[PDB]
Amino acid sequence: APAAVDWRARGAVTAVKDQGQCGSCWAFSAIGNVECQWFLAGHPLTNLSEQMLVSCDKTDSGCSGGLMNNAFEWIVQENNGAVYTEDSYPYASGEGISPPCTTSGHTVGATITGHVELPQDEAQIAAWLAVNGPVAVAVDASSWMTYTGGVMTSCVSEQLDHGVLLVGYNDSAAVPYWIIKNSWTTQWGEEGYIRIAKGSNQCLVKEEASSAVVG
Ligand SMILES: NC(=O)c1ccsc1NC(=O)CSc1ncn[nH]1
């Protein structure tokens, strides 16, 4: 496994988005993961629809929260592996109200066949990531509201409440770090991203890592 991996440099990651006033971070985490996997299977990088999940996935709870694993399971078992484009099913829950599910004429932006879970182990997550691309992870983000930059080293690591995307890591730095894509616009953190220290389970980053599998 390489000393550093950044899938942004390989053009595998879409622009940072805005979940707005909605507990839909689980959908942005899952969708962001699928977007990258679709690109790495050899297809164009495409914005996909979080709204599809917030409105249509009954197993999760829309703006009230959900799990990336449930989302992946829902896509495959309830939606034929279909993930819509953001273009044809745009995000509309930025204000907290989720529209009802529609199922006519939307465009399939990607097809998945399943998903895998990763061990609760940072080195093993890094090994998978370096080979297979960005990983959906859950974090404790309660100490993230004031973040403006730098490598976070004393993150509150007590309870999972937030879904994000691991896009890379750097083991060569003075303080090794993960590179994490958030869904809080580009005004938050480092141009919408955050670096947390790697190897000390900052923000419980290793506890619930998984990824969609493309077909
Ligand atoms: N923002 C989120 O919804 C989110 C994102 C990551 S965790 C989490 N919390 C929940 O999904 C509530 S249901 C649950 N079941 C087991 N743990 N949590």
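Per Swiss-Prot, chain A residues shown: 123-337, in order.
Backbone N, Cα and C atoms are what each Cβ position is placed from, and that goes for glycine too.
All protein chains shown were included, and the count of other CB atoms within 10 Å of the CB of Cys144 (disulfide bond) stands at 24. According to DSSP, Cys144 (disulfide bond) is assigned to coil rather than to any helix or strand. The annotation disulfide bond is assigned in Swiss-Prot to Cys144-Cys185 (among others).
For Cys147 (active site), applying a Cβ distance below 8 Å and a minimum sequence separation of six or more within one chain yields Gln141, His284, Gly285, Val286, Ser305. Per Swiss-Prot, active site is recorded for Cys147 (among others).
Residues or ranges marked as N-linked glycosylation site by Swiss-Prot: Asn169 (among others). Long-range Cβ neighbours of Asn169 (N-linked glycosylation site) (same chain, at least 6 residues apart, Cβ-Cβ under 8 Å): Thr136, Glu157, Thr207, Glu208, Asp209, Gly231. For the recorded site, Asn169 (N-linked glycosylation site), the DSSP three-state label reads coil.
Annotation source Swiss-Prot lists disulfide bond at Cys178-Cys223 (among others). A helical conformation is recorded for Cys178 (disulfide bond) in the three-state DSSP classification.
Under the heading disulfide bond, Swiss-Prot lists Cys277-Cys325 (among others). DSSP gives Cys277 (disulfide bond) a coil state; it is part of no helix or strand. Within 10 Å of the C-beta atom of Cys277 (disulfide bond) sit 22 other C-beta atoms, taking all shown protein chains into account.
Look at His284 (active site): DSSP puts it in a strand. The feature active site is assigned by Swiss-Prot to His284 (among others).
Swiss-Prot lists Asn292 (among others) with the feature N-linked glycosylation site, giving sequence analysis as the kind of evidence. Remark: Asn292 (N-linked glycosylation site) has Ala125, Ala126, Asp128, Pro298, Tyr299, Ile301, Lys320 as non-local neighbours, by Cβ distance under 8 Å and separation of at least 6 in sequence.
Here Swiss-Prot flags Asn304 (among others) as active site. Taking Cβ-Cβ distances under 8 Å and a sequence separation of 6 or more, the neighbours of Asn304 (active site) in its chain are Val138, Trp266, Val286, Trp310, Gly311, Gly314, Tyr315, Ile316.
A count of other CB atoms within 10 A of each Cβ picks out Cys325 as the most crowded of the disulfide-bonded residues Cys185, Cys325. In the vicinity of ligand 1, defined as a Cβ distance under 6 Å, the following of the recorded positions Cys147, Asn169, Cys223, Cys277, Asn304, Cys325 are placed: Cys147. Around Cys178 (disulfide bond), the same-chain residues at least 6 positions away in sequence with a Cβ under 8 Å from its Cβ are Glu200, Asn201, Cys223, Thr225. Between the CA atoms of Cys325 (disulfide bond) and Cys185 (disulfide bond) there is a gap of 22 Å, rounded to the nearest whole number. A simple Cβ count within 10 Å picks out one of the recorded positions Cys223, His284 as the most packed, and that one is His284.
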